[PDB]
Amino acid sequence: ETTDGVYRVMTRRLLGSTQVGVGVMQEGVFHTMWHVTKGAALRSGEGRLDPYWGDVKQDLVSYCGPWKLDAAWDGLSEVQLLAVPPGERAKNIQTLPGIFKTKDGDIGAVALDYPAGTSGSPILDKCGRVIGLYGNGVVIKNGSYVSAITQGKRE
């Protein structure tokens, strides 16, 4: 199945069924983070999904086609993290993202803490557009987790 929507990325190599990450299917392309799959091929029931593009520094990878998600944070409005935690249901979490300030510009960042198996969950704008993926960030002084809004480049 290549139906649009959000998917869990599961593995059996360890104890039981374990959720390594989360991904997005859009326009026949599966979008997740690199550290989730480490570029490995994926199975979708009877089919198989092979990586098409990936970048370790961006922590992104696409399957069966180019990166299709092109929306970005307008910067101002609040967004929603469609978190799909391991063993739990997808739930939308509205938040006003912060700012990751780097030498190469500013990127939005949401201060939401979820198990590592939530890596790759999409972040949406008010129109439902995927503006980035969740799962690449830092740990601050009190030790909660703040993830960047990681978005790829279409075309």
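Counting begins at 1, following the sequence as shown. Rigid core: the largest C-alpha set superposing within 1.5 Å between the two forms.
Across the superposed structures in 4 other deposited structures of this protein, aligned by the core, the stretch whose Cα atoms lie more distant on average is 6-14, chosen from 6-14 and 127-135. For 136-144 versus 18-26, the mean Cα distance to the shown form in 4 other deposited structures of this protein after rigid core alignment is larger for 136-144. With 106-114 and 43-51 compared on mean CA B-factor from the PDB entry, the stretch scoring higher is 43-51. The entry lists a Cα temperature factor for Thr150 that places it in the lowest third of the chain's modelled residues. Per-chain ranking of the deposited C-alpha B factor places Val84 in the middle third. Ranked against the other modelled residues of its chain, the C-alpha B-factor of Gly128 as given in the entry falls in the highest third.
Annotation for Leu96: CA B-factor lies in the lowest third of the chain's modelled residues. Sorting the modelled residues of the chain by their CA temperature factor places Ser144 in the highest third.
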